[PDB]
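What follows is a set of notes on a single structure, which appears directly below.
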RNA sequence: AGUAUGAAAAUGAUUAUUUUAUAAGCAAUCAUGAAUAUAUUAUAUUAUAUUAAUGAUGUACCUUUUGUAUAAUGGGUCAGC
RNA sequence: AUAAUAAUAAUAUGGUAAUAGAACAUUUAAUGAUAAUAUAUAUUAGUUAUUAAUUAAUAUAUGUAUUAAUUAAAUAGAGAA
Ligand SMILES: [Mg+2]
Ligand SMILES: [Mg+2]
Ligand SMILES: [Mg+2]
Ligand SMILES: [Mg+2]
Ligand SMILES: [Mg+2]
Ligand SMILES: [Mg+2]
Ligand SMILES: [Mg+2]
Ligand SMILES: [Mg+2]
Ligand SMILES: [Mg+2]
Ligand SMILES: [Mg+2]
Ligand SMILES: [Mg+2]
Ligand SMILES: [Mg+2]
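Residue numbers (the authors' numbering), protein chains in the order written: chain 8, 213 to 264; chain O, 156 to 309; chain N, 44 to 161; chain a, 20 to 195; chain 4, 2 to 139; chain 5, 65 to 390.
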């Protein structure tokens, strides 16, 4: 389990091992959140329009 | 690019003839205008010719249906495949000798493209190539082929 | 030895010999030595201490190691790479076994950076 | 000048029978020192300092005084090639303004009767000069162009290609 | 008249300055996988650090991937050598790395007999001519 | 909802933006790519890593309305709005100026009396945009071809981002063979060129006082070291006339072409050697398959000799009387 | 002789690139022009790939033999066993 | 007092019948992470002194290895009947 800190030199670095599943999941979650937000806003706007 | 230029693809049914026989005729219809090809077929005294003509007609019809005008269509290429399941029969000869007769069945496929686009494009390409062509120079700088040797000979 | 007409010219070639193998170069050329150097690494610079012949279009200085005083010819090492891999197949004429003789010799690549009169 | 020994690019082998063989040249070795080896080659595409003529060097460049753009050939012997008549017998500026005007007028009037050659014959002067002086009626030019076009059309396939090749060659031969 | 026909300059890597041909090296390995044991050892062993110290113009990435262990190396010219170091030990891996570093990125290629020099400079002396020879033929 | 992933991402983005605005020194130092670049080109140590980072950062203020049409070809999701006072825009201009000056000067030194057009061409060859881009590529200045979101997902620090080149690059610009034609600002090559120029500018800035010629030396090592055969740049209309004019201008006898040697007349491929004499001084040798051709070649050779004259450093700076005009 | 799938080869037709109608032999190897194709570092005077200009070199493979280009044995090609 | 790698000097490295030593491919059993950004197979171009594996692009599967590696074994490798 190496890190960029372990190699005592600026040129050497370790790219982060973030599983390609976890990342995907995160992305999905973000998308969902966005949907919840934007859609909600749209709904609100619609309601406002209906009102007046 | 090749695929995009407007084409029509026509296929025969299971012709009862041998590939060789077919190709005997098909060699004649190489880059012919469809109508000309059809005419040729009409008058060719070979059994396969009828079917070929029919196929060509069908192709023309398809072209008409889908956008293209008969007088623009030429045979871009046309070929013979063996069709499926040829049935082998034994053919008994004198003494105990045995031949095995096989009854071949083929199919003719053609691709018709258009003189308006495809042919024009190829002509253009040819022209370009010609333009590119370096001239024959009398004292042309022909490279001194061979390795030098690390030593001047001049 | 009056070395003025070499001094005055703009184009100049040299025929230096590494391990007696003569290479004829101008500045900016890439010499492909057919062996691996251990003395020099990549990025190092070699001052050629054996130059058989310096030459302009019409004049040429010559001599068995001509004085290092007279010229400066120095090459930088760029690459140590091998020439492409080959399997020449060795066999006799009624013998089923074959001996695959593999070959991937090594090259050192130089670049003639400086080539001048001193 | 320099008093160097001069040499051919020598081979230990027979030059007549084996000049392309590199090994011979390699084998040959000459006594240490300076040498003069005249280049066995024309200096057409070259930009080498030992190729430039003294007249094109600045009056300061040390190479002027030195002797290595050698004048081996002598101009007395070499025949004039593709030269104008004005070069063989010097240029003349005899023709006045009135005469010039007249010539111009003539050109304007009848190009087929008073063609360039005819004009030249009349006034002891070059066709080129006449051309420079005076433009012919544009109609005539147009006609000529048309004729040229017709001629071109009349060509076969091969000839056109040949012409093109020739043109290309011509273009090339000013690169150097 | 004089008309200019366009052209571009050709880079000669070593004549002025010298850019170092190798730029990045990616040590690729796997936690699970006996083939990647030597690589793992190498990664562990301060050798990498030493290498970094030696050669700071070239950067060392260290990836974690499920397959065999690799040393993909990236060069100035653009090309990328890739050496799978399946089942090698520490020293062999190091040697491989060294090899990678030494090479310029250029593709491998068969050389003919004695094809040594490679110039883009017009011959100092001219190309021989029959008419401008010192010795005429017969 | 134990995790607000949109919030975290937003925070990350903000941080990135802040870093870009600053280009903090520590962060720059931490970046490996930048360090490698610095080592590679043997840059002077007065040049900081922040400066280097800045050089790689092209001016990207406001996201265009061309983004809103990914359906119409283009989408810009890689970049993050740059600081207006901390871009490479200023440096770039300076770099360009330097290139224009110095390269040109060098060319002049090499070849006095180089026809203006030819000189211009040479200059372009030395420092055209494409060439500069190529140089940049060689150096290893890579482009930020990864979306911010993607980066976040990966969980890579800002150092890496800093190390990369940063401009409004069209993600999805050559997919399915469709290329959205845009201005100079959105081309990769241009960006690369700018970066190159910026580096030079930076160098100049750092070494303006301690060692003024350092920048020039660097340029020579990198830009002027590149081979260009000046002989390949010329193309003459009717050179004979020009030659004659030149002769007239100078103190030379009128030039005359003359046959020196001839072989294979009456053949497919003959050889005619004609020299252009001015009295006795041969002014240009010229070979040809025809006489006319040979003559032309001779003239061309003469012209080349006149122009591409390369005087020594021991000479006193020679200044030509411009180009011959006819 | 299950059902799906199948860019496995041999084999046929066709198209493209290229070479080919003064040239003679295991059809390859090495040298070496030229033409074409591809290449998001061809910066090019670039690199690879394809291709019977041209030159040199070159008696198929196995078996059995003192010894095989042999006009001694064996094999039509490919796939499976 | 070992192993791995690298040096220096030296000696040795044709080979039928034959002897000796060391590897690789394929398939099955024991142990066994991982993942559609993954894998398997195929084509093309690279890479590693290369019957092998790996990289990139491409095509087809497949919610995914009897996968890496060490053992155990073999219906374990075919132009020769
Ligand atoms: Mg079927
Ligand atoms: Mg009967
Ligand atoms: Mg039969
Ligand atoms: Mg025997
Ligand atoms: Mg054998
Ligand atoms: Mg002989
Ligand atoms: Mg024999
Ligand atoms: Mg038989
Ligand atoms: Mg042995
Ligand atoms: Mg078996
Ligand atoms: Mg088999
Ligand atoms: Mg076999």
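Beta carbons are placed, not taken as given, at the ideal position from N, Cα and C, and that holds for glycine.
Nearest-angstrom beta carbon gap, residue j and residue i [assumed within contact, 8 Å]
| i | j | result |
| --- | --- | --- |
| residue 230 (chain O) | residue 189 (chain O) | 6 Å |
| residue 98 (chain 4) | residue 26 (chain 4) | 7 Å |
| residue 58 (chain N) | residue 152 (chain N) | The pair is not a contact, with the Cβ atoms about 19 Å apart (cut-off 8 Å). |
| residue 96 (chain N) | residue 104 (chain N) | 7 Å |
| residue 259 (chain 5) | residue 152 (chain 5) | 7 Å |
| residue 156 (chain N) | residue 119 (chain N) | 5 Å |
| residue 44 (chain a) | residue 25 (chain a) | Rounded, the Cβ-Cβ distance is 17 Å, inconsistent with contact. |
| residue 369 (chain 5) | residue 100 (chain a) | Contact doesn't hold; Cβ gap of about 20 Å is too wide. |
Partners in chain O for residue i, counting only beta-carbon separations shorter than 9 Å
| i | result |
| --- | --- |
| residue 6 (chain 4) | By Cβ distance, chain O contributes nothing, its closest Cβ being about 16 Å from residue 6 (chain 4), past 9 Å. |
| residue 58 (chain N) | 305, 306 and 307 |
| residue 296 (chain 5) | Within chain O, no residue comes near residue 296 (chain 5); the closest Cβ sits about 13 Å away, beyond 9 Å. |
CA-to-CA distance, residue j to residue i, given in whole angstroms
| i | j | result |
| --- | --- | --- |
| residue 421 (chain 5) | residue 157 (chain 5) | In the structure as shown, chain 5 starts at 65 and stops at 390, and residue 421 (chain 5) therefore has no counterpart that could be examined. |
| residue 87 (chain a) | residue 69 (chain a) | 6 Å |
| residue 196 (chain 5) | residue 82 (chain a) | 37 Å |
| residue 152 (chain a) | residue 104 (chain a) | 19 Å |
| residue 118 (chain 4) | residue 154 (chain N) | 10 Å |
| residue 76 (chain a) | residue 373 (chain 5) | 7 Å |
| residue 73 (chain N) | residue 110 (chain a) | 55 Å |
| residue 275 (chain 5) | residue 355 (chain 5) | 58 Å |
| residue 241 (chain O) | residue 235 (chain O) | 15 Å |
| residue 173 (chain a) | residue 182 (chain a) | 14 Å |
| residue 78 (chain a) | residue 130 (chain 4) | 32 Å |
| residue 84 (chain N) | residue 292 (chain 5) | 29 Å |
| residue 186 (chain a) | residue 353 (chain 5) | 14 Å |
| residue 192 (chain a) | residue 319 (chain 5) | 20 Å |
| residue 139 (chain N) | residue 228 (chain 5) | 59 Å |
| residue 113 (chain 4) | residue 173 (chain 5) | 40 Å |
Per-residue contacts from residue i into chain 4 (C-beta, under 7 Å)
| i | result |
| --- | --- |
| residue 166 (chain 8) | An answer regarding residue 166 (chain 8) cannot be provided, because it is not within the stretch 213 to 264 covered by chain 8. |
| residue 302 (chain O) | 113, 114, 115 and 116 |
| residue 152 (chain N) | 105 |
Contact set between residue i and chain 4, taken where Cβ atoms lie within less than 9 Å
| i | result |
| --- | --- |
| residue 227 (chain 8) | 27, 62, 63, 64 and 65 |
Residue from the options whose Cα sits closest to the Cα of residue i
| i | options | result |
| --- | --- | --- |
| residue 371 (chain 5) | 31 (chain a), 49 (chain a) and 64 (chain a) | 64 (chain a) |
| residue 221 (chain 8) | 57 (chain 4), 32 (chain 4) and 93 (chain 4) | 57 (chain 4) |
| residue 189 (chain a) | 84 (chain 5), 364 (chain 5), 288 (chain 5) and 69 (chain 5) | 364 (chain 5) |
| residue 78 (chain N) | 147 (chain N), 106 (chain N), 117 (chain N) and 161 (chain N) | 147 (chain N) |
| residue 157 (chain O) | 267 (chain O), 285 (chain O) and 300 (chain O) | 267 (chain O) |
| residue 139 (chain 5) | 147 (chain 5), 199 (chain 5) and 130 (chain 5) | 130 (chain 5) |
| residue 157 (chain a) | 194 (chain a), 74 (chain a), 130 (chain a) and 178 (chain a) | 130 (chain a) |
Partner residues on chain 5 for residue i, Cβ-Cβ distance less than 7 Å
| i | result |
| --- | --- |
| residue 161 (chain N) | Neighbours of residue 161 (chain N) on chain 5: none; closest Cβ ~14 Å, over 7 Å. |
Contact set between residue i and chain 5, taken where Cβ atoms lie within less than 9 Å
| i | result |
| --- | --- |
| residue 140 (chain a) | Within 9 Å Cβ-Cβ: nothing; residue 140 (chain a) doesn't reach chain 5, min ~25 Å. |
| residue 94 (chain 4) | The contacting residues do not exist; residue 94 (chain 4) stays about 21 Å from chain 5 at best. |
Neighbouring residues, chain 8, relative to residue i (Cβ below 8 Å)
| i | result |
| --- | --- |
| residue 44 (chain 4) | 214 |
Residues that residue i contacts on chain O, provided the C-beta gap is smaller than 7 Å
| i | result |
| --- | --- |
| residue 1 (chain 4) | Nothing in the structure corresponds to residue 1 (chain 4), since chain 4 is present only between 2 and 139. |
Neighbouring residues, chain a, relative to residue i (Cβ below 7 Å)
| i | result |
| --- | --- |
| residue 128 (chain 4) | 60 |
Q.
Short of 7 Å Cβ to Cβ, which residues in the stretch 66-79 of chain N face chain 5?
A. 71
**Q.** Contact residues within the stretch 14-29 of chain 4, judged by C-beta distance below 7 Å to chain 5
**A.** 16, 17, 18, 20, 21 and 24
(Q) What are the residues in the stretch 229-253 of chain 8 lying within 7 Å of chain 5 by C-beta distance? (A) 230, 235, 238, 239, 241, 242, 245 and 246
Q. The stretch 367-378 of chain 5: which residues have C-beta closer than 8 Å to a C-beta of chain N, in chain order?
A. 374 and 376
**Q.** Proximal residues, the stretch 45-56 of chain N versus chain a, C-beta separation under 8 Å
**A.** 45, 46, 47, 48, 51, 52, 53 and 54
Q. For the stretch 117-128 of chain a, which residues have a CB atom closer than 8 Å to at least one CB atom of chain 4, in sequence order?
A. none
Q: May I ask you to list, following chain order, the residues of the stretch 88-114 of chain a that have a beta carbon less than 7 Å from some beta carbon of chain 5?
A: 90, 92, 94, 97, 98, 99, 100, 101, 102 and 106
Q. Of the residues that make up the stretch 288-315 of chain 5, which ones have a beta carbon closer than 8 Å to any beta carbon in chain N?
A. 291
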